[PDB]
Amino acid sequence: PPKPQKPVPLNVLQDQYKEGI
Amino acid sequence: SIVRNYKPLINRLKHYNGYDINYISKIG
Amino acid sequence: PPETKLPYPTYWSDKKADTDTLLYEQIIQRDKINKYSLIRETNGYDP
């Protein structure tokens, strides 16, 4: 169950993921 | 999973000072 | 994660106010305001 979370700037999100999303 | 991104609003100027003065100037 | 429609705008920042969330609030509020005022700026009210 992936509960939603607060929004962050796009760059930090796609960088923390480190996988093509 | 996919992320939902909201991209803010960037606009170009539509009117000059609330009006378009080219048409107003023609009719005037 | 289905869509949830985001209840009242300051919903997020009422839980652990941060810089990014507050900037997000400001951005979305001013975007709504700008859109509505532009629509009324050129056209006007129903009457």
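Quick notes on the rules
- The residue numbers you see begin from 1 on each chain and track the sequence as written, which may not match the entry, and residues missing coordinates are not shown.
- Just so you know, chain letters begin at A and ligand numbers begin at 1, following the order they were written in.
- The assembly from which these chains come is larger than what is shown, and the figures reported cover only the shown chains.
- Excluding hydrogens and water, the side-chain figures rest on all heavy atoms present in the structure.
- Strands here mean DSSP runs of E at least two residues long; helices mean DSSP runs of H or I at least four residues long; both are numbered from the N terminus.
- Throughout, exposure labels follow a simple rule: accessible area from a 1.4 Å probe, protein chains only, divided by the maximum for the residue type, with under 20% read as buried, over 50% as exposed, and the rest as partly exposed.
- Accessible surface area values rest on a Shrake-Rupley calculation with a 1.4 Å probe, where residue burial reflects the displayed protein chains alone.
- Under this rule, positive means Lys or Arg and negative means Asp or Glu; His and the chain ends count for nothing.
- Every charge is mapped onto a representative atom, which is NZ of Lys, CZ of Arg, CG of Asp or CD of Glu.
- Here a helix's expected span is defined as the number of its residues, less one, multiplied by 1.5 Å.
- Criterion for a salt bridge: a side-chain nitrogen of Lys or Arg within 4 Å of a carboxyl oxygen of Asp or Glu.
- Only heavy atoms enter the contact rule, under which two residues are in contact if any of them lie within 4.5 Å.
- Put simply, buried area is how much 1.4 Å-probe accessible surface two parts lose in total, over both of them, once they are put together.
- Identification of polar contacts relies on pairs of N or O atoms within 3.5 Å, with a donor-acceptor requirement for protein atoms, meaning one able to donate a hydrogen and the other able to accept it, and with residues adjacent in sequence counted only if both atoms are side-chain atoms.
- Each residue is assigned to one class: nonpolar for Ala, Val, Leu, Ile, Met, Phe, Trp, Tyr, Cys and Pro, charged for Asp, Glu, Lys and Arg, and polar for all the others, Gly among them.

Structure determination for this entry is recorded as cryo-EM, at 2.89 Å resolution.

You'll find chain C entered in the PDB entry as SWI/SNF chromatin-remodeling complex subunit SNF5, with Saccharomyces cerevisiae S288C given as the organism. For this entry, the PDB record gives the title as "Cryo-EM structure of the yeast Swi/Snf complex in a nucleosome free state".

1. Quick word on the overall build of chain C
Regarding its fold elements, chain C presents one helix and zero strands. Over its C-alpha atoms, taken along the principal directions, chain C stretches across nearly 45 × 25 × 15 Å. Expressed as a percentage of the 47 residues in chain C, the buried residues total 13%. As presented, chain C carries roughly 4,100 Å² of accessible surface, and 57% of it is formed by carbon and sulfur atoms. The distance from the centre of the 7 positive side-chain charges to the centre of the 8 negative ones in chain C is 3 Å.

2. With respect to helix α1 (residues 19-41) of chain C
Quick reminder: α-helices carry 3.6 residues per turn. Residues three or four places apart thus point the same way. Residues and elements named next belong to chain C. In this model, α1 (23 residues) spans 32 Å end to end at C-alpha, consistent with the 33 Å of a helix rising 1.5 Å per residue. Residues of α1 that are buried: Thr21, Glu25, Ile28 and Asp31. Remark: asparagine 43 follows α1 within two positions and exhibits a positive phi of approximately 130 degrees.

3. With respect to the pattern of salt bridges
Where charged atoms from two side chains of opposite charge come close, those side chains can pair. Within the structure shown, the criterion is met by one salt bridge over all chains. Across the pair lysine 6 of chain A and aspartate 18 of chain C runs a salt bridge, and its minimum N-O distance is 4.0 Å. Here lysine 6 of chain A, found in the segment before α1 (10-17), pairs with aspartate 18 of chain C, found in the segment before α1, and the two come from separate chains. Taking the relative accessible area as the measure of exposure, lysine 6 of chain A reaches 40% and is therefore partly exposed. Residue class for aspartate 18 of chain C comes out partly exposed when judged on its relative accessible area of 22%.

4. Considerations on the interface of chain C and chain B
Listed per partner, the contact involves nine residues of chain C and seven residues of chain B. Roughly 690 Å² of surface becomes buried between chain C and chain B when both sides are summed, with 53% attributable to carbon and sulfur atoms. The largest per-residue losses of area from chain C upon contact with chain B belong to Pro1, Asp31 and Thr42 of chain C, which jointly make up 46% of the total buried on that side. Our count for the chain C to chain B interface comes out at zero salt bridges. Here chain C and chain B share four residue pairs in polar contact between them. Across the side of chain C that touches chain B, the residue classes tally to four nonpolar, two polar and three charged.

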